[PDB]
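**Student:** Could you have a look at this structure, given as structure tokens, before my questions?
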Amino acid sequence: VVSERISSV
Amino acid sequence: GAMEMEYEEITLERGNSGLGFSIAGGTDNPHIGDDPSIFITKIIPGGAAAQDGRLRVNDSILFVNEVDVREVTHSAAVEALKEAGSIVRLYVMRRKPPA
């Protein structure tokens, strides 16, 4: 939402 | 008002697919519109933390390793999970039920 990325452990 | 909270300490072994979850948090990088604390949004159906450990999307992390993740960047909360070598120790925050 507006500014995220997410793809982590 | 009159409603208080209850805290849980869990111990995990480092996974073959990459644990079985993903983490949203930052000091310079946002989630909703300029965030201070690190929160859960992605869970895998056949991982190590969903079947063997006992972590849900609604549990949210304050401390990792017994180390201070309350004021850090996205890469600085992943380097506590990739650098520990074989053993990773997580601290979570949840609200109290009526029955």
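Order determines the names: the first chain of the structure tokens is A, the second B, and so forth; residues in each chain are numbered 1 upward, and ligands are numbered 1 upward as they are shown.
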Please tabulate, as JSON lines, the residues of chain B that come within 12 Å of chain A, each with its closest pair of atoms and the distance in Å to one decimal, counting only C-alpha atoms and ordering rows by chain, then residue number upward.

**Tutor:**
```
{"residue": "B:14", "atom": "CA", "partner": "A:9", "partner_atom": "CA", "distance": 9.9}
{"residue": "B:15", "atom": "CA", "partner": "A:9", "partner_atom": "CA", "distance": 9.6}
{"residue": "B:16", "atom": "CA", "partner": "A:9", "partner_atom": "CA", "distance": 11.8}
{"residue": "B:17", "atom": "CA", "partner": "A:9", "partner_atom": "CA", "distance": 9.9}
{"residue": "B:18", "atom": "CA", "partner": "A:9", "partner_atom": "CA", "distance": 6.1}
{"residue": "B:19", "atom": "CA", "partner": "A:9", "partner_atom": "CA", "distance": 6.3}
{"residue": "B:20", "atom": "CA", "partner": "A:9", "partner_atom": "CA", "distance": 7.5}
{"residue": "B:21", "atom": "CA", "partner": "A:9", "partner_atom": "CA", "distance": 6.0}
{"residue": "B:22", "atom": "CA", "partner": "A:8", "partner_atom": "CA", "distance": 4.7}
{"residue": "B:23", "atom": "CA", "partner": "A:8", "partner_atom": "CA", "distance": 5.5}
{"residue": "B:24", "atom": "CA", "partner": "A:6", "partner_atom": "CA", "distance": 5.2}
{"residue": "B:25", "atom": "CA", "partner": "A:6", "partner_atom": "CA", "distance": 8.4}
{"residue": "B:26", "atom": "CA", "partner": "A:4", "partner_atom": "CA", "distance": 10.1}
{"residue": "B:28", "atom": "CA", "partner": "A:3", "partner_atom": "CA", "distance": 11.1}
{"residue": "B:29", "atom": "CA", "partner": "A:3", "partner_atom": "CA", "distance": 7.7}
{"residue": "B:30", "atom": "CA", "partner": "A:3", "partner_atom": "CA", "distance": 5.6}
{"residue": "B:31", "atom": "CA", "partner": "A:4", "partner_atom": "CA", "distance": 4.6}
{"residue": "B:32", "atom": "CA", "partner": "A:1", "partner_atom": "CA", "distance": 5.7}
{"residue": "B:33", "atom": "CA", "partner": "A:3", "partner_atom": "CA", "distance": 7.0}
{"residue": "B:34", "atom": "CA", "partner": "A:3", "partner_atom": "CA", "distance": 8.6}
{"residue": "B:35", "atom": "CA", "partner": "A:3", "partner_atom": "CA", "distance": 10.3}
{"residue": "B:38", "atom": "CA", "partner": "A:6", "partner_atom": "CA", "distance": 11.1}
{"residue": "B:39", "atom": "CA", "partner": "A:6", "partner_atom": "CA", "distance": 10.3}
{"residue": "B:40", "atom": "CA", "partner": "A:6", "partner_atom": "CA", "distance": 9.4}
{"residue": "B:41", "atom": "CA", "partner": "A:6", "partner_atom": "CA", "distance": 8.1}
{"residue": "B:42", "atom": "CA", "partner": "A:6", "partner_atom": "CA", "distance": 8.0}
{"residue": "B:43", "atom": "CA", "partner": "A:9", "partner_atom": "CA", "distance": 10.3}
{"residue": "B:44", "atom": "CA", "partner": "A:9", "partner_atom": "CA", "distance": 10.8}
{"residue": "B:47", "atom": "CA", "partner": "A:9", "partner_atom": "CA", "distance": 11.3}
{"residue": "B:48", "atom": "CA", "partner": "A:9", "partner_atom": "CA", "distance": 11.5}
{"residue": "B:49", "atom": "CA", "partner": "A:9", "partner_atom": "CA", "distance": 10.6}
{"residue": "B:74", "atom": "CA", "partner": "A:8", "partner_atom": "CA", "distance": 8.5}
{"residue": "B:75", "atom": "CA", "partner": "A:8", "partner_atom": "CA", "distance": 8.8}
{"residue": "B:76", "atom": "CA", "partner": "A:8", "partner_atom": "CA", "distance": 11.4}
{"residue": "B:77", "atom": "CA", "partner": "A:8", "partner_atom": "CA", "distance": 9.4}
{"residue": "B:78", "atom": "CA", "partner": "A:9", "partner_atom": "CA", "distance": 6.4}
{"residue": "B:79", "atom": "CA", "partner": "A:9", "partner_atom": "CA", "distance": 9.8}
{"residue": "B:80", "atom": "CA", "partner": "A:9", "partner_atom": "CA", "distance": 10.2}
{"residue": "B:81", "atom": "CA", "partner": "A:9", "partner_atom": "CA", "distance": 7.0}
{"residue": "B:82", "atom": "CA", "partner": "A:9", "partner_atom": "CA", "distance": 8.2}
{"residue": "B:88", "atom": "CA", "partner": "A:9", "partner_atom": "CA", "distance": 11.3}
```

**Student:** Using only C-alpha atoms, find the one residue out of B:59, B:68, B:52, B:9 that sits nearest to residue 90 (chain B).

**Tutor:**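 Looking only at the distances to residue 90 (chain B), the closest residue turns out to be B:9.
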
**Student:** Suppose you want the space between CA of residue 11 (chain B) and CA of residue 84 (chain B); what is it in Å?

**Tutor:** 12.4 Å

**Student:** Nearest to residue 62 (chain B) among B:1, B:97, B:46, B:36, with distances taken over only C-alpha atoms: which residue is it?

**Tutor:**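 Looking at the shortest contact to residue 62 (chain B), the residue is B:36.
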
**Student:** Work out how far CA of residue 55 (chain B) is from CA of residue 3 (chain B), in Å to one decimal.

**Tutor:**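 So the answer is 23.6 Å.
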